[PDB]
Amino acid sequence: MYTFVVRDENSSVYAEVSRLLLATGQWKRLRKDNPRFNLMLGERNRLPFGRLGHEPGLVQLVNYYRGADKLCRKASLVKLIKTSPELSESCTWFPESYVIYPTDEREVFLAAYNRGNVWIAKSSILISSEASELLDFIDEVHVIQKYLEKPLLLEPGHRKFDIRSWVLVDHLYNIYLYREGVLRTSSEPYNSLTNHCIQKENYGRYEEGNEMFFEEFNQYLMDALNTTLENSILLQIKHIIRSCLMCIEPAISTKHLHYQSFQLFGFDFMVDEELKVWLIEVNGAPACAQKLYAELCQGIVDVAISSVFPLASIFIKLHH
Amino acid sequence: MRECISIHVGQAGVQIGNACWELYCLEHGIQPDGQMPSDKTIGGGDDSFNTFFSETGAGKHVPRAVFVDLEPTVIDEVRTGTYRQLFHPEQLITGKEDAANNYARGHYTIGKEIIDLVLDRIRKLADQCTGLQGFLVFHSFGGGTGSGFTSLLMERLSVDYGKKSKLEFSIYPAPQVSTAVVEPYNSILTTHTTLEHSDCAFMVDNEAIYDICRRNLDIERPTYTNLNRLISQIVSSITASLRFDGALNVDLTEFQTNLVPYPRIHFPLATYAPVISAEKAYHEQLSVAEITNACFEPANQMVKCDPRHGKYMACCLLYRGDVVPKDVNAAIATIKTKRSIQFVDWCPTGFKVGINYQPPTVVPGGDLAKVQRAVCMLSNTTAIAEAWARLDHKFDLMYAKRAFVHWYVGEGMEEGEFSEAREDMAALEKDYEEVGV
Amino acid sequence: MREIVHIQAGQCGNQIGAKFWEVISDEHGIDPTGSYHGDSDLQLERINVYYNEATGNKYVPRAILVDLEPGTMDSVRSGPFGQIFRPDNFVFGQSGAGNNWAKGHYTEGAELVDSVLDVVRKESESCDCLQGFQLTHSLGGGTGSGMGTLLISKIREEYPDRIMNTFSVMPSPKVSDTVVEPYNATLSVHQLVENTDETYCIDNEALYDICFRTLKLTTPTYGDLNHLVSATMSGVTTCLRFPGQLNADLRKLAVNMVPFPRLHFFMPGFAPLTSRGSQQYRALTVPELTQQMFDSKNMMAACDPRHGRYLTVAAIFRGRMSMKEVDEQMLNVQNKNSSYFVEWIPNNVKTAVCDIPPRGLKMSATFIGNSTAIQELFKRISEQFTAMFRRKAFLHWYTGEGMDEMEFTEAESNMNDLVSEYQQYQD
Amino acid sequence: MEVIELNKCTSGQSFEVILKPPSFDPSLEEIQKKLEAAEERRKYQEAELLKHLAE
Ligand SMILES: Nc1nc2c(ncn2[C@@H]2O[C@H](COP(=O)(O)OP(=O)(O)OP(=O)(O)O)[C@@H](O)[C@H]2O)c(=O)[nH]1
Ligand SMILES: Nc1ncnc2c1ncn2[C@@H]1O[C@H](COP(=O)(O)OP(=O)(O)CP(=O)(O)O)[C@@H](O)[C@H]1O
Ligand SMILES: Nc1nc2c(ncn2[C@@H]2O[C@H](COP(=O)(O)OP(=O)(O)O)[C@@H](O)[C@H]2O)c(=O)[nH]1
Ligand SMILES: CCNc1nc2c(c(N3CC(=O)Nc4cc(OC)ccc43)n1)CCC2
Ligand SMILES: [Ca+2]
Ligand SMILES: [Mg+2]
Ligand SMILES: [Mg+2]
Ligand SMILES: [Mg+2]
């Protein structure tokens, strides 16, 4: 049989993945620190990548890409886009961002402030028109980013939202976009944060759990704006996912490594008034929507796990 | 000209020393009886190969080497093998019973009985030197002799040869070819005691050499003869600058100067290419760019690790064969654009390059095919700390239960040396992570 | 170099010891007269480990034959290889021990033990570099159990830095001579815990079960049991007798197999299990060897290894076979049953391959396991000990030789401590 | 890239390429003491065994 260990007890995604592996009958779970495993569902912090791939007679696979944190932290994402020629400082789908320590770019940000001047400051939140206002809050590492003052608003409700997309990158560095996304909506009309936790503090007046899925959102775009989700939004989303992961592939690829890696990502996008998509952040240990846990986790076993360890499509492959 | 003395300790050091001196003789044209016709200065001279070979009046070229093992089986094969005429009996030293894979037995119990004899025989070679510059020490981490006695020898060498450099070629333990379960103990114990006495140490993980022999030499179950012939090629690439005309790494001090800015972090990573099977009927020869690009693949490194997730402090490229500088620079320019090569901030981002026009010599009847150009990269990257993390973890698993500790305490060693040695490794891993992140 | 001095004490010790010298003399090409008539020089490269080379290029075993009665040793000298032994190395009394540990250890055996040490000293002084000693004996009788452990204590006194190894045959009511065997075994086990570095636990319960259940022998004899013992003893000593990549000795075996000094009692195994005379026309595949070698039905100690964990494992494969397939099958056993190997001893399974197969088998495998499940053996004997001792039954045989009940109470507690120490590392 | 310190001989040549500039023992007595201290710990443990055997 195949053997695996579980080192992240708080992962809702891979708790389901463990279940599916056990239900196969061909996967056996070992104790956390047993080194004789085929698959590691590793911890989120200080995952010991240096101890993988040194067991004779065991092909070893891990559910995290070493070095992928550059893409999945607010501070390092801004630096990655600014300093990579593939993304460049002229990148058109990432908002104007500046890293601020409480190198640093205070003077460059002020040269942008003096030169609508509403900005947001966040880290791993304050929306202000005055730089000193949000900056004094920082010192009280953060990143200052241009707040998208003109977002696409759903009707009825005049509501703001963000789009979460789940992306699976396997050991061959195939980029798989889960066909099912979710809109994490705000139940309060926009007045010139869409986090699920903040909304549980109206909530589900318009849809269950403040979550609008792609079939309803597409039908809305057809009825309201005479277009589709694929044409107006998804092409840009697939382009952004492709650009980000192809940029860091030489740094994180395990193609010729002694161990192999896959990882599930959660891309968060913002759509503005003119159906223009902006990348907000990338989550390296994302959760799923309750309706989509079964389908996506089964796809993780099929595409990322059973592809390496065979037994006895819901993804859109982003080619490159 | 300044002489270098090679010291081979334990089974691994002796058998690897056999492969190196066999290769040295073929590279310099020295027959097994010690004769060297191309040496027109009979009885002496200060040529570059005299760094490793002294000369008798009859024209015999004798290695400046001493072989020491606590059991005679391995060195007895040197005494009766092809190159038996090369060494005089005084430089082959054997005890009666070995250290039984026990560091404390090789360092304290048995090592105390033989250390003064070994130094006396080392003193005999040093007396033949007009300007001895230091020692090259070959040994394993896992053996009782290669770990225990080497650390005792390294201590006394610092006492008796204070201003001399000392370099190591150390065999990192791999369970696929090891027959001792306590090798993590011996490795941590010998690294702690030797750390302050070694200026530069080249670690070779048997796991990496084993997989290179399986992958690129198509050898299903590689033997020590397979591994050591490959290891000897890499060692020859590293010591070629001491034995041939050139301007890079011309003395032992330059190894520390060019590769080790931080004294404790003195474990450079060696990468070698190309390794081509001699049974390969049709082989297309690799270019300078292809062999230079192969220096940044983990599958060709002496220790499997990911330099992409570390930082470089120094980097040398040692080419052998048809190589000219303009092709190296064109290769480096392309590799810099495509690969993750991050130096530490307080270091210049660059490469020191050495080219020897003589292509690598391969032992006749061996597994390695003759190639027209090869390269050995010596890079001091913090990624090699991955091997310390692996080893210290295996140490922590056994020592948490005090398993096998009674064998070491029974030889006079105190239990406190275990945690004292483990704490030094904890400081070493911390040093690497400070530099690397 | 690396000489081993062999000692066989008592009826059982001499019967399995004679069979051991019969088997390995055939493997090394030595005929009953000590003259070598083999075909390969691998039989001679490490022949000095067990044999002295006499004038005329005769090979004489470095063996010492001890008993308190002449009966069994006269039959050894009458046996097939009885003339190969140095006649001086026959040391025997006339009274016997009557299956009484006290007679072997304190009265009858003490009269004779100095004579044995004189022969031990004579063999050791000729050794270029003595490794240590191996002793064959039973624990249920009086001579091998009582005098054998007295010998071990005095040998350690004179050679404190040498390795002591024993092949110790455990009693079993399935193959029982007297009712006092649990008494003699419990007294001997404490001596072995203190004064041996390695002990192969050879359980007559397991040997009987193998002959009856697996080999389908309805009425097993001691000859049937010793056929399993000699095949096991040949296998465990292979890496001492033949050259290879390992070239092992007794000390390196103890260093790597014994993580705690008192837990040095090994479970031996063997594959394929063969009855005497019955031939093996098809050889076992490497997967079949590996599966049987770890199977409880192949263990020479009646313990369920699934009831414990393996501290360390040593495996010997003999015959012409793929060394790559041996690695894959051995790694498969550990990777598919990893819960039975303690995780605080990394890579605690080591394997060796020898091209020379034993007699009558093209392929064979020998198992040496240090498992915490060996406690089931000492538990079984402790229960049989207590069942009689709670009524002081049959003690008069021992108090008549000067022993006190307190020495039995101490031996009982010592073996129970050993049991709980093995339970400590099983959790 | 700057190529500096080029040296050529008949056997080969060496040089250095810079892509970017930087961005910013125990005495003999003590050895003999510890070796003899371990020997006495051995001789002590051997003495306790012989005492235990004498009992
Ligand atoms: N590459 C290589 N490794 C070896 C060789 N011989 C032994 N080793 C490794 O060295 C370790 C064991 O150390 P040894 O050198 O054999 O032992 P020793 O130094 O002689 O010390 P003792 O025998 O215990 O007294 C194991 O991990 C082996 O894999 C060899 O010839 N080549
Ligand atoms: N540049 C921007 N312009 C407009 N709104 C923004 C914005 N940046 C962030 N927001 C809003 O703030 C909310 C939370 O910000 P952010 O996505 O950085 O936190 P987070 O890390 O908790 C989400 P997750 O962890 O699930 O990826 C977003 O949902 C978005 O609606
Ligand atoms: N396996 C085996 N066990 C034996 C043999 N002979 C005796 N025994 C066992 O040894 C015990 C008797 O001890 P024994 O050696 O005969 O008495 P001793 O001469 O005083 O040592 C009993 O448990 C027997 O089962 C034998 O040839 N083979
Ligand atoms: C009677 C001695 N014959 C012997 N036969 C074998 C081995 C072995 N030794 C000794 C060693 O040198 N290493 C070793 C390591 C180990 O790890 C758990 C276990 C056992 C040993 N001795 C291993 C394979 C067969
Ligand atoms: Ca000369
Ligand atoms: Mg986040
Ligand atoms: Mg050795
Ligand atoms: Mg009897």
# chains A, B, ... in the order shown; residues from 1 in each chain; ligands from 1
call {"tool": "select_by_dssp", "arguments": {"residues": "range 133-338 of chain B", "states": "strand (DSSP E)", "output": "ChimeraX atom specification"}}
result
/B:134-140,165-172,200-205,269-273,312-321
call {"tool": "residues_near_ligand", "arguments": {"ligand": "ligand 1", "cutoff": "6 Å", "atoms": "only C-alpha atoms and all ligand atoms", "output": "PDB file with N, CA and C atoms, in the first residue's frame"}}
result
ATOM      1  N   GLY B  10      40.905   5.206   8.811  1.00  0.00           N
ATOM      2  CA  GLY B  10      39.785   4.287   8.737  1.00  0.00           C
ATOM      3  C   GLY B  10      39.629   3.681   7.353  1.00  0.00           C
ATOM      4  N   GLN B  11      38.640   2.790   7.245  1.00  0.00           N
ATOM      5  CA  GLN B  11      38.421   2.071   5.993  1.00  0.00           C
ATOM      6  C   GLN B  11      38.082   3.028   4.855  1.00  0.00           C
ATOM      7  N   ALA B  12      37.125   3.933   5.080  1.00  0.00           N
ATOM      8  CA  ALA B  12      36.700   4.841   4.018  1.00  0.00           C
ATOM      9  C   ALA B  12      37.844   5.733   3.555  1.00  0.00           C
ATOM     10  N   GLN B  15      40.517   3.426   1.523  1.00  0.00           N
ATOM     11  CA  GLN B  15      40.096   2.955   0.207  1.00  0.00           C
ATOM     12  C   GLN B  15      39.923   4.114  -0.766  1.00  0.00           C
ATOM     13  N   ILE B  16      39.449   5.260  -0.276  1.00  0.00           N
ATOM     14  CA  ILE B  16      39.380   6.448  -1.119  1.00  0.00           C
ATOM     15  C   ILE B  16      40.779   6.968  -1.409  1.00  0.00           C
ATOM     16  N   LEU B  70      42.802   1.180  12.567  1.00  0.00           N
ATOM     17  CA  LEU B  70      42.928   0.436  13.814  1.00  0.00           C
ATOM     18  C   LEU B  70      42.801  -1.070  13.620  1.00  0.00           C
ATOM     19  N   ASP B  98      39.696  -2.876  15.796  1.00  0.00           N
ATOM     20  CA  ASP B  98      39.160  -1.593  15.368  1.00  0.00           C
ATOM     21  C   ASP B  98      38.298  -0.978  16.471  1.00  0.00           C
ATOM     22  N   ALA B  99      37.659   0.148  16.160  1.00  0.00           N
ATOM     23  CA  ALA B  99      36.866   0.906  17.119  1.00  0.00           C
ATOM     24  C   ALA B  99      35.415   0.445  17.204  1.00  0.00           C
ATOM     25  N   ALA B 100      35.036  -0.595  16.456  1.00  0.00           N
ATOM     26  CA  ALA B 100      33.712  -1.216  16.562  1.00  0.00           C
ATOM     27  C   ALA B 100      32.586  -0.203  16.357  1.00  0.00           C
ATOM     28  N   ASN B 101      32.754   0.674  15.365  1.00  0.00           N
ATOM     29  CA  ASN B 101      31.774   1.715  15.037  1.00  0.00           C
ATOM     30  C   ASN B 101      31.482   2.617  16.235  1.00  0.00           C
ATOM     31  N   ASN B 102      32.441   2.742  17.150  1.00  0.00           N
ATOM     32  CA  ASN B 102      32.265   3.491  18.391  1.00  0.00           C
ATOM     33  C   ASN B 102      33.257   4.649  18.408  1.00  0.00           C
ATOM     34  N   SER B 140      35.776   8.934   7.188  1.00  0.00           N
ATOM     35  CA  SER B 140      34.323   8.891   7.201  1.00  0.00           C
ATOM     36  C   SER B 140      33.791   9.494   8.495  1.00  0.00           C
ATOM     37  N   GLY B 142      30.987   8.151   9.891  1.00  0.00           N
ATOM     38  CA  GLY B 142      30.286   7.099  10.605  1.00  0.00           C
ATOM     39  C   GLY B 142      31.160   6.073  11.298  1.00  0.00           C
ATOM     40  N   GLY B 143      32.368   5.834  10.795  1.00  0.00           N
ATOM     41  CA  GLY B 143      33.218   4.817  11.388  1.00  0.00           C
ATOM     42  C   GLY B 143      33.766   5.229  12.741  1.00  0.00           C
ATOM     43  N   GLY B 144      34.021   4.221  13.578  1.00  0.00           N
ATOM     44  CA  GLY B 144      34.619   4.484  14.877  1.00  0.00           C
ATOM     45  C   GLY B 144      36.019   5.055  14.762  1.00  0.00           C
ATOM     46  N   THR B 145      36.788   4.568  13.789  1.00  0.00           N
ATOM     47  CA  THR B 145      38.126   5.098  13.557  1.00  0.00           C
ATOM     48  C   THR B 145      38.070   6.397  12.764  1.00  0.00           C
ATOM     49  N   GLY B 146      37.282   6.420  11.687  1.00  0.00           N
ATOM     50  CA  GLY B 146      37.215   7.613  10.863  1.00  0.00           C
ATOM     51  C   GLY B 146      36.677   8.820  11.605  1.00  0.00           C
ATOM     52  N   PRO B 173      27.337  10.064   6.242  1.00  0.00           N
ATOM     53  CA  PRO B 173      26.764   8.711   6.303  1.00  0.00           C
ATOM     54  C   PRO B 173      25.459   8.587   5.536  1.00  0.00           C
ATOM     55  N   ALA B 174      25.314   7.456   4.845  1.00  0.00           N
ATOM     56  CA  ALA B 174      24.102   7.128   4.112  1.00  0.00           C
ATOM     57  C   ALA B 174      23.691   5.688   4.463  1.00  0.00           C
ATOM     58  N   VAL B 177      24.336   2.214   2.199  1.00  0.00           N
ATOM     59  CA  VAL B 177      25.610   1.511   2.114  1.00  0.00           C
ATOM     60  C   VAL B 177      26.306   1.390   3.459  1.00  0.00           C
ATOM     61  N   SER B 178      25.713   1.903   4.537  1.00  0.00           N
ATOM     62  CA  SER B 178      26.324   1.829   5.855  1.00  0.00           C
ATOM     63  C   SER B 178      25.873   0.567   6.581  1.00  0.00           C
ATOM     64  N   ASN B 206      27.445   9.690   0.733  1.00  0.00           N
ATOM     65  CA  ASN B 206      27.403   8.437  -0.013  1.00  0.00           C
ATOM     66  C   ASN B 206      26.077   8.263  -0.736  1.00  0.00           C
ATOM     67  N   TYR B 224      31.719  -0.052  -3.253  1.00  0.00           N
ATOM     68  CA  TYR B 224      32.687   0.938  -2.795  1.00  0.00           C
ATOM     69  C   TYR B 224      33.709   1.253  -3.878  1.00  0.00           C
ATOM     70  N   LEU B 227      31.916   3.827  -6.079  1.00  0.00           N
ATOM     71  CA  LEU B 227      31.826   5.133  -5.434  1.00  0.00           C
ATOM     72  C   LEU B 227      33.189   5.806  -5.349  1.00  0.00           C
ATOM     73  N   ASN B 228      34.213   5.060  -4.924  1.00  0.00           N
ATOM     74  CA  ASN B 228      35.512   5.671  -4.658  1.00  0.00           C
ATOM     75  C   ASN B 228      36.194   6.149  -5.934  1.00  0.00           C
TER      76      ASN B 228
END
call {"tool": "residues_around", "arguments": {"residues": "range 152-165 of chain A", "least_positions_apart": "3", "cutoff": "7 Å", "atoms": "only C-alpha atoms", "output": "number ranges by chain"}}
result
A: 181-190, 194, 266-273
call {"tool": "write_last_selection", "arguments": {"atoms": "C-alpha atoms", "output": "compact mmCIF listing (two decimals), in the first residue's frame"}}
result
# COMPACT_ATOMS: atom_id res chain seq x y z
CA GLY A 181 -15.05 29.64 -7.90
CA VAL A 182 -17.03 31.69 -5.42
CA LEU A 183 -17.92 35.35 -4.98
CA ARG A 184 -17.52 36.47 -1.36
CA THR A 185 -20.03 39.31 -1.31
CA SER A 186 -20.75 42.20 1.04
CA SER A 187 -24.34 42.49 2.28
CA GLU A 188 -23.97 46.24 2.88
CA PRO A 189 -24.35 48.72 0.00
CA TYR A 190 -21.03 50.31 -0.94
CA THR A 194 -15.63 41.47 1.94
CA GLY A 266 -6.31 30.54 -3.37
CA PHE A 267 -6.22 33.57 -5.67
CA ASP A 268 -8.34 36.57 -4.65
CA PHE A 269 -9.43 38.94 -7.43
CA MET A 270 -11.29 42.25 -7.51
CA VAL A 271 -13.43 43.31 -10.48
CA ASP A 272 -13.85 47.03 -11.10
CA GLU A 273 -16.50 49.11 -12.87
call {"tool": "atom_distance", "arguments": {"atom1": "atom 22 (C, counted along the ligand's line) of ligand 3", "atom2": "CA of residue 184 in chain C"}}
result
9.9 Å
call {"tool": "closest_residue", "arguments": {"among": "A:29, A:36, A:171, A:54", "to": "chain C", "atoms": "only C-alpha atoms"}}
result
A:36
call {"tool": "closest_atom_pairs", "arguments": {"of": "chain A", "to": "chain C", "cutoff": "9 Å", "atoms": "only C-alpha atoms", "output": "Markdown table"}}
result
| residue | atom | partner | partner_atom | distance |
| --- | --- | --- | --- | --- |
| A:1 | CA | C:336 | CA | 7.0 |
| A:2 | CA | C:336 | CA | 8.2 |
| A:3 | CA | C:336 | CA | 8.1 |
| A:30 | CA | C:339 | CA | 7.9 |
| A:31 | CA | C:339 | CA | 8.7 |
| A:33 | CA | C:343 | CA | 8.2 |
| A:34 | CA | C:343 | CA | 6.6 |
| A:35 | CA | C:343 | CA | 8.2 |
| A:36 | CA | C:335 | CA | 5.9 |
| A:37 | CA | C:335 | CA | 7.7 |
| A:56 | CA | C:331 | CA | 7.6 |
| A:57 | CA | C:331 | CA | 6.3 |
| A:58 | CA | C:335 | CA | 8.0 |
call {"tool": "closest_residue", "arguments": {"among": "B:281, B:36, B:74, B:437", "to": "chain C", "atoms": "only C-alpha atoms"}}
result
B:74
call {"tool": "residues_near_ligand", "arguments": {"ligand": "ligand 6", "cutoff": "9 Å", "atoms": "only C-alpha atoms and all ligand atoms", "output": "PyMOL selection string"}}
result
chain A and resi 72-74+123-124+281-286
call {"tool": "atom_distance", "arguments": {"atom1": "CA of residue 282 in chain C", "atom2": "CA of residue 24 in chain C"}}
result
23.5 Å
call {"tool": "residues_near_ligand", "arguments": {"ligand": "ligand 5", "cutoff": "10 Å", "atoms": "only C-alpha atoms and all ligand atoms", "output": "list in words"}}
result
residues 36, 37, 38, 39, 40, 41, 42, 43, 44, 45, 46, 47, 49, 50, 53, 54, 55, 56, 57, 59, 60 and 61 of chain B
call {"tool": "interface_residues", "arguments": {"of": "chain B", "to": "chain D", "cutoff": "7 Å", "atoms": "only C-alpha atoms", "output": "list in words"}}
result
residues 108, 159, 245, 246, 247, 248, 345, 346, 347, 348, 349, 350, 351, 352, 353, 354, 355, 356, 357, 410, 411, 412 and 413 of chain B
call {"tool": "write_last_selection", "arguments": {"atoms": "N, CA, C and O atoms", "output": "compact mmCIF listing (two decimals), in the first residue's frame"}}
result
# COMPACT_ATOMS: atom_id res chain seq x y z
N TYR B 108 39.23 7.66 22.51
CA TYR B 108 39.77 7.55 23.86
C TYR B 108 40.52 6.25 24.09
O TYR B 108 41.72 6.26 24.38
N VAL B 159 48.32 21.28 17.54
CA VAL B 159 49.35 21.52 18.56
C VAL B 159 50.74 21.46 17.94
O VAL B 159 51.56 22.35 18.14
N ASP B 245 50.65 23.41 -12.88
CA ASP B 245 50.91 24.83 -13.09
C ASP B 245 49.60 25.60 -13.16
O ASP B 245 48.63 25.16 -13.79
N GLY B 246 49.57 26.76 -12.51
CA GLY B 246 48.36 27.56 -12.48
C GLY B 246 48.49 28.70 -11.50
O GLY B 246 49.51 28.86 -10.83
N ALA B 247 47.41 29.49 -11.42
CA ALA B 247 47.38 30.66 -10.56
C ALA B 247 46.18 30.71 -9.62
O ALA B 247 46.06 31.68 -8.86
N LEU B 248 45.31 29.71 -9.64
CA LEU B 248 44.15 29.66 -8.76
C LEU B 248 44.29 28.50 -7.78
O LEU B 248 44.64 27.39 -8.19
N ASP B 345 24.82 39.59 0.98
CA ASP B 345 24.97 41.00 0.65
C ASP B 345 26.42 41.47 0.79
O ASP B 345 26.89 42.28 -0.02
N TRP B 346 27.13 40.97 1.80
CA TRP B 346 28.50 41.38 2.07
C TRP B 346 29.53 40.65 1.21
O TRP B 346 30.73 40.73 1.50
N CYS B 347 29.09 39.94 0.17
CA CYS B 347 29.98 39.25 -0.75
C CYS B 347 29.74 39.72 -2.18
O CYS B 347 28.61 40.05 -2.54
N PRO B 348 30.78 39.77 -3.00
CA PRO B 348 30.57 40.04 -4.42
C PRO B 348 29.97 38.83 -5.13
O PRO B 348 30.31 37.69 -4.82
N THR B 349 29.07 39.10 -6.06
CA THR B 349 28.46 38.06 -6.88
C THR B 349 29.39 37.76 -8.04
O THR B 349 29.48 38.54 -9.00
N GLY B 350 30.10 36.64 -7.96
CA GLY B 350 31.06 36.33 -9.01
C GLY B 350 31.59 34.92 -8.89
O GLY B 350 31.25 34.17 -7.97
N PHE B 351 32.45 34.57 -9.85
CA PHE B 351 33.01 33.23 -9.97
C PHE B 351 34.51 33.33 -10.19
O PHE B 351 34.97 34.10 -11.04
N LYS B 352 35.27 32.54 -9.43
CA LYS B 352 36.69 32.35 -9.71
C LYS B 352 36.84 31.07 -10.52
O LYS B 352 36.38 30.00 -10.10
N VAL B 353 37.49 31.17 -11.67
CA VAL B 353 37.51 30.11 -12.67
C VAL B 353 38.94 29.63 -12.85
O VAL B 353 39.87 30.43 -12.99
N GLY B 354 39.11 28.31 -12.85
CA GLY B 354 40.39 27.69 -13.16
C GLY B 354 40.24 26.66 -14.26
O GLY B 354 39.39 25.77 -14.18
N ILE B 355 41.07 26.77 -15.30
CA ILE B 355 41.02 25.87 -16.45
C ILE B 355 42.36 25.16 -16.56
O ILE B 355 43.41 25.81 -16.61
N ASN B 356 42.32 23.83 -16.61
CA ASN B 356 43.48 23.01 -16.94
C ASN B 356 43.20 22.30 -18.26
O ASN B 356 42.18 21.62 -18.40
N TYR B 357 44.10 22.48 -19.23
CA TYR B 357 43.86 21.99 -20.59
C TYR B 357 43.83 20.47 -20.67
O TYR B 357 43.23 19.93 -21.61
N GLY B 410 30.94 3.47 28.32
CA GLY B 410 31.79 2.36 28.70
C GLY B 410 33.23 2.48 28.25
O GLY B 410 34.07 1.72 28.74
N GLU B 411 33.53 3.40 27.34
CA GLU B 411 34.89 3.63 26.88
C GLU B 411 35.54 4.83 27.56
O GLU B 411 36.62 5.26 27.13
N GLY B 412 34.92 5.37 28.61
CA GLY B 412 35.47 6.50 29.33
C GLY B 412 34.88 7.84 28.95
O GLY B 412 35.15 8.83 29.64
N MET B 413 34.08 7.91 27.89
CA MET B 413 33.46 9.17 27.51
C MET B 413 32.32 9.50 28.46
O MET B 413 31.59 8.62 28.93
call {"tool": "residues_near_ligand", "arguments": {"ligand": "ligand 8", "cutoff": "12 Å", "atoms": "only C-alpha atoms and all ligand atoms", "output": "NGL selection string"}}
result
:C and (9-15 or 67-69 or 71-72 or 96-100 or 137-145 or 171 or 175-178 or 181 or 222)
call {"tool": "interface_residues", "arguments": {"of": "chain C", "to": "chain B", "cutoff": "6 Å", "atoms": "only C-alpha atoms", "output": "PyMOL selection string"}}
result
chain C and resi 252+256+259+344-345
call {"tool": "write_last_selection", "arguments": {"atoms": "N, CA, C and O atoms", "output": "PDB file, in the first residue's frame"}}
result
ATOM      1  N   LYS C 252      31.092  -5.559  16.906  1.00  0.00           N
ATOM      2  CA  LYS C 252      30.257  -4.693  16.078  1.00  0.00           C
ATOM      3  C   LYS C 252      28.811  -5.169  16.046  1.00  0.00           C
ATOM      4  O   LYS C 252      27.892  -4.354  15.909  1.00  0.00           O
ATOM      5  N   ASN C 256      25.743  -2.560  17.516  1.00  0.00           N
ATOM      6  CA  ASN C 256      24.652  -2.128  16.653  1.00  0.00           C
ATOM      7  C   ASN C 256      23.322  -2.804  16.959  1.00  0.00           C
ATOM      8  O   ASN C 256      22.279  -2.300  16.527  1.00  0.00           O
ATOM      9  N   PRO C 259      20.839  -1.629  22.080  1.00  0.00           N
ATOM     10  CA  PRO C 259      20.795  -0.216  22.485  1.00  0.00           C
ATOM     11  C   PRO C 259      20.828  -0.010  23.988  1.00  0.00           C
ATOM     12  O   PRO C 259      21.119   1.108  24.435  1.00  0.00           O
ATOM     13  N   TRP C 344      12.698   5.612  17.054  1.00  0.00           N
ATOM     14  CA  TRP C 344      13.822   6.292  17.682  1.00  0.00           C
ATOM     15  C   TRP C 344      15.150   5.575  17.460  1.00  0.00           C
ATOM     16  O   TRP C 344      16.141   5.914  18.114  1.00  0.00           O
ATOM     17  N   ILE C 345      15.188   4.592  16.565  1.00  0.00           N
ATOM     18  CA  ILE C 345      16.442   4.026  16.072  1.00  0.00           C
ATOM     19  C   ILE C 345      16.369   4.022  14.549  1.00  0.00           C
ATOM     20  O   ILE C 345      15.899   3.042  13.952  1.00  0.00           O
TER      21      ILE C 345
END
call {"tool": "interface_residues", "arguments": {"of": "chain C", "to": "chain D", "cutoff": "10 Å", "atoms": "only C-alpha atoms", "output": "list in words"}}
result
residues 153, 154, 156, 157, 158, 160 and 161 of chain C
call {"tool": "interface_residues", "arguments": {"of": "chain A", "to": "chain B", "cutoff": "12 Å", "atoms": "only C-alpha atoms", "output": "ChimeraX atom specification"}}
result
/A:33-35,48-57,65-70,84-85,247-259
